[PDB]
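Student: for now just these chains, pulled out of the complex without moving them:
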Amino acid sequence: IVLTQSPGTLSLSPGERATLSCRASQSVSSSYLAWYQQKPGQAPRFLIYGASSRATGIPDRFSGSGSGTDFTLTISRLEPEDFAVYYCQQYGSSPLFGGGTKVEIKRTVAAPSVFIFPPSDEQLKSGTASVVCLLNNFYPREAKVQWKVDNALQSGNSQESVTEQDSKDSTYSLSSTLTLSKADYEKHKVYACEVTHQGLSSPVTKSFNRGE
Amino acid sequence: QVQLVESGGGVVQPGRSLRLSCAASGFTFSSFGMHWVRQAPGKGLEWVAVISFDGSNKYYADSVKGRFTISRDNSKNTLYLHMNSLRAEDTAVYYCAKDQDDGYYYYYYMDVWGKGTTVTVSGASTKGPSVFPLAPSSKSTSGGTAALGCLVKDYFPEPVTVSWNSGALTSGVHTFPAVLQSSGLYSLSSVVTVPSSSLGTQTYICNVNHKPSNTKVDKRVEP
């Protein structure tokens, strides 16, 4: 069996009606679907069971419906704390947790303030060096980057992480590194990293040169 | 008042065994099935196992089938998760939560949850960080958004905490979650957005706090 929510994520400002599709491979016996709300750094709360039954201490704005192989959690109007991943669970004769569904605050797309950082002098003589590019206070989550070492395209040697949506300004920050060895650091001259993003008309690249 | 607490998380090398404890208080504990729900970083909740309130029935997901066992002491009001052959992906936060009814051959939704404990499976030994400054570029290179942060490398394990200027600086800080690479250790970066005219003109320091290694390192950053 495999249960899947949809979409991958939903990005909405406060107040607008939001639905969370839940599609099941087989028909879940007697509509034994349940939902959960989980905020990062917390534990999941229990929202609805039976695809429609509001639970205790739950605001009335949370609701949902469905049967068979098609489900939907709906939230009529959104509040600032109501933005956390939602999980869709069926609990008949065996549990199964949906892939997850995140709800995001949206606003005007933001230009990522993109900066770069060459390893320190102590980094190189340490025998290992990683170059870190940064994408500061931007929007939305989806934004792709690529790394060009001496303009040569890299692949499969980078790690990146995006901070969770900030409370006040509701933006994102991105920072990628390189799983680079020092021995490969000196064998090149200029290091570049670019982003193809909604907030920018063109893919901007910020780079530098070894020796400065 | 209803509240669960779980303990027994922490490091372990693959193949060994660990026995998670979940303590309970605030309801007729020996009257409810208890589930185990785990959540690997970046992934959604994956249900694991549920125990019948009296223990007559035990069920596990095929993800851990034949490799996890569940036990409980109704007198102690406490839940025990037995694990052996802990593969790599098994590391996650682990949640203990109670059924809504006598989980006997059937399992309602988990209604009230604990607070989660983290298990990390790795052959890596405990190790502090390798804190490296992040030198700012020329005076601005952007305008009024000066970039400078700190890189911590090859440290293990998380949690870890970084404070800029003894925590007195919080506005505009940006600290990222760490990532585990093919090395097996961890690494992350902290950074804060500051005006260009403020760089150098006054001191910036990042104060990493790595508890298990008992290593708190201050760092100084220059362009």
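Tutor: That came in fine, so what should we check first? Numbering: from 1, shown residues only, chains lettered A, B, ... in the order given.

Student: just the CA trace of stretch A:164-171, in CSV.
Tutor: These are the backbone C-alpha positions of stretch A:164-171, laid out as CSV (Å, rounded to 0.1, in the frame of the first residue of the first chain):
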residue,chain,number,x,y,z
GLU,A,164,13.1,27.3,7.6
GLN,A,165,10.7,30.2,6.8
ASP,A,166,11.6,33.0,9.2
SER,A,167,8.9,34.2,11.6
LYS,A,168,8.8,37.9,10.8
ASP,A,169,9.9,38.5,7.2
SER,A,170,8.8,35.0,6.0
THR,A,171,11.9,34.5,3.8
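
Student: off-centre distance for that stretch?
Tutor: 13 Å (C-alpha atoms, centre = their mean, to the nearest Å).

Student: ditto for stretch B:214-223
Tutor: Worked out by C-alpha atoms, centre = their mean, stretch B:214-223 lies 24 Å from the chain centre.

Student: for that stretch, which positions count as buried?
Tutor: Neighbour-count burial for stretch B:214-223, with 16 or more other C-beta atoms under 10 Å in any protein chain shown as criterion, is recorded at B:217, B:219, B:221. For every residue, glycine as well, the C-beta is placed using N, CA and C.

Student: same question, stretch B:54-67
Tutor: Of all the residues in stretch B:54-67, those buried under the rule 16+ other C-beta under 10 Å are B:57, B:59, B:60, B:61, B:64.

Student: name the nearest residue to the second one, ignoring sequence neighbours.
Tutor: In space, residue B:59 comes closest to residue B:50 once its chain neighbours are excluded; the distance is 5.5 Å by C-beta to C-beta, 6 or more residues apart in numbering or on different chains.

Student: hang on, the one you found in a strand?
Tutor: Yes - using DSSP: H, G, I helix; E, B strand; the rest coil, the assignment for residue B:50 is a strand.

Student: wait, residue B:199 touches residue B:136, no?
Tutor: Yes - between residue B:199 and residue B:136 there is a contact at 5.1 Å, judged by C-beta atoms under 8 Å.

Student: more crowded one of the two?
Tutor: Between residue B:199 and residue B:136, residue B:136 has the larger neighbour count (other C-beta atoms under 10 Å in any protein chain shown), namely 22 against 19.

Student: host element of the more buried one?
Tutor: Assigned by DSSP states H and E, residue B:136 falls within no helix or strand.

Student: spit out the contact partners of it.
Tutor: Residues near residue B:136 by C-beta atoms under 8 Å, 6 or more residues apart in numbering or on different chains: B:146, B:147, B:148, B:199, B:200, B:221, B:222, B:223.

Student: that older thread, could you single out the nearest of the buried residues of stretch B:214-223 to chain A?
Tutor: Within the buried residues of stretch B:214-223, the smallest distance to chain A is 9.5 Å, found for residue B:221 (C-beta to the nearest C-beta).

Student: pretty sure the closest one contacts residue B:133?
Tutor: Yes - using C-beta under 8 Å, residue B:221 is in contact with residue B:133, at 4.3 Å.

Student: next, show the common contact partners of the two.
Tutor: Listed as contacting both residue B:221 and residue B:133 by C-beta under 8 Å, 6+ apart are B:148, B:150.

Student: what about the residue lying closest to residue A:50 once chain neighbours are set aside, how many neighbours?
Tutor: Nearest non-adjacent residue to residue A:50, counting by C-beta to C-beta, 6+ apart: residue A:31, 6.0 Å away. Look at residue A:31: counted by other C-beta under 10 Å, it has 17 neighbours.

Student: what's near enough to touch the residue nearest to the spatial centre of chain A?
Tutor: In chain A, the centroid-proximal residue (C-alpha atoms, centre = their mean) is residue A:141; its distance is 5.7 Å. Applying C-beta under 8 Å, 6+ apart to residue A:141 gives the contacts A:9, A:104, A:162, A:172.

Student: buried ones from the residues you listed, can you make that a ChimeraX selection?
Tutor: Those of those that count as buried under 16+ other C-beta under 10 Å are selected in ChimeraX with:
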select /A:104,162,172
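
Student: slot chain C in:
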Amino acid sequence: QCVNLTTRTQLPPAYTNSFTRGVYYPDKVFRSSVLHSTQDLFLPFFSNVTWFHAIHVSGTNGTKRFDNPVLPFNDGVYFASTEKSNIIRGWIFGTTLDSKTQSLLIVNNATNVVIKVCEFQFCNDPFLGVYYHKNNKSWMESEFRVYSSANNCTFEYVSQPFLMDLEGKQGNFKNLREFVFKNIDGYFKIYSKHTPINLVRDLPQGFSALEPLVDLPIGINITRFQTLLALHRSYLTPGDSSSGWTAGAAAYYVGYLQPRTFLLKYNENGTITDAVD
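Tutor: Chain C, in position alongside the others:
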């Protein structure tokens, strides 16, 4: 946690006749073939005795009518049942049937009886769980389906179980498990007698006087009781709170007590035979 499972049934209860039924030796006095007269609370002869229905499968595998009520306990109750399957396990003698009020409890694990008086929290429809326990068909009899909370409660008692499942095992008589309860001066008294009734349907025309089982130093103001049932917890069933339970159906006969006097006929066996009013 408990469940609500009557929820739709209010059909009028049935009546019947208490011909000569509900007598008991009101003392431990050894006696001979003489005539005696005693006055106490008793079930009136030919009383318009109430008959109930517990779990009631009135339908072609369609419906599971289930209407165990709480009942008044004005001054004493007469209780009897056929119920060949030992689906009845005791009673919930009390006054308020919730917290902040000590109330009495009767249950017996088919091998021994345990008696409690406590400030329980008897849920609206108490019952017991009878269900296989992974070890050789064995089954535990958890009672969490009765009281969500019992605490700081005084008196307790344990003994051999009342409901002897005598070797009938065919079914023509049903042994008509029968009981009489009264509570006076803080003392709670117990009377019963297993007695085969080969009659198919209703109460007998014969005579049999119960005997004092146990007198209980209780000291509670019992005003209203509820019978306690046992249900076989179903296996994996969509829904487990208000759903599959209750192997077997059940019903029982209830008739209230009242103060009265009667003239009794002892024997050389000291066995009462009849009384008159």
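
Student: and the neighbour count of residue A:31, now that chain C is part of it?
Tutor: 18.

Student: domain assignment for chain B?
Tutor: If you go by curated CATH domains, the domain ranges for chain B are B:3-121, B:130-220.

Student: which one of these lies closest to chain C?
Tutor: Chain C lies closest, by C-beta to the nearest C-beta, to one member of the domains of chain B: domain B:3-121, at 3.7 Å.

Student: and that closest one, end to end?
Tutor: 28 Å (C-alpha to C-alpha, to the nearest Å).

Student: say whether chain C is contacted by that domain.
Tutor: Yes - judged by C-beta under 8 Å from any C-beta of the partner chain, domain B:3-121 comes into contact with chain C at B:28, B:31-32, B:53-54, B:56-57, B:100-102, B:104-106, B:108.

Student: what separates that domain from the chain centre, distance-wise?
Tutor: 16 Å.

Student: residues touching the residue in chain C positioned nearest to chain A, list them.
Tutor: Of all residues in chain C, residue C:238 sits closest to chain A, at 4.1 Å by C-beta to the nearest C-beta. For residue C:238, the contacting residues are A:29, A:30, A:32, A:92, A:93, B:106, by C-beta under 8 Å, 6+ apart.

Student: please apply the same query to residue C:56.
Tutor: Contacts of residue C:56 (C-beta under 8 Å, 6+ apart): C:64, C:65, C:66, C:67, C:249, C:251.

Student: next, count neighbours for the nearest residue to residue A:100 once chain neighbours are set aside.
Tutor: Distance criterion C-beta to C-beta, 6+ apart; nearest residue to residue A:100, sequence neighbours excluded, is residue B:44 at 3.4 Å. Counted with other C-beta under 10 Å, the neighbours of residue B:44 add up to 17.

Student: part of a helix, is residue B:44?
Tutor: No - read with three-state DSSP, residue B:44 is coil and lies in no helix.

Student: pretty sure it sits against residue A:102.
Tutor: No - shown here, residue B:44 and residue A:102 do not form a contact pair, counting by C-beta under 8 Å, at 9.9 Å.

Student: find residues that contact each of those two.
Tutor: Common neighbours of residue B:44 and residue A:102 (C-beta under 8 Å, 6+ apart) are residue A:85.

Student: how is chain A carved up into domains?
Tutor: Chain A is divided into the following domains under curated CATH domains: A:3-104, A:113-209.

Student: output those domains as JSON lines; include the columns distance to residue B:170.
Tutor: Shown next, in JSON lines, are those (distance: least, C-beta to C-beta, whole Å):
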{"stretch": "domain A:3-104", "distance to residue B:170": "17"}
{"stretch": "domain A:113-209", "distance to residue B:170": "12"}
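
Student: of all those, which one is nearest residue C:126?
Tutor: Shortest distance between residue C:126 and the domains of chain A, using C-beta to C-beta, is found for domain A:3-104: 23.1 Å.

Student: got the residues of chain C near chain B?
Tutor: Selection of chain C residues close to chain B by C-beta under 8 Å from any C-beta yields C:1, C:129, C:131-135, C:140, C:142, C:144, C:148-149, C:233, C:235-238, C:240-241.

Student: show me the contacts for residue 189.
Tutor: Because you didn't say which chain, this covers chain A. Residues near residue A:189 by C-beta under 8 Å, 6+ apart: A:150, A:209, A:210.

Student: wrong chain, I was asking about chain C
Tutor: C:181, C:182, C:183, C:212, C:214, C:215, C:216.

Student: hmm, back to that, drop anything exposed from the contacts of residue C:238.
Tutor: The neighbour count (16+ other C-beta under 10 Å) marks A:32, A:92, B:106 as buried among the contacts of residue C:238.

Student: among those, which are located in helices?
Tutor: With helices defined by DSSP state H, no entry of those lies inside them.

Student: JSON lines for those, including distance to residue B:10?
Tutor: Putting the buried ones among the contacts of residue C:238 into JSON lines (distance: C-beta to C-beta, whole Å) gives the following:
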{"residue": "A:32", "distance to residue B:10": "35"}
{"residue": "A:92", "distance to residue B:10": "35"}
{"residue": "B:106", "distance to residue B:10": "33"}
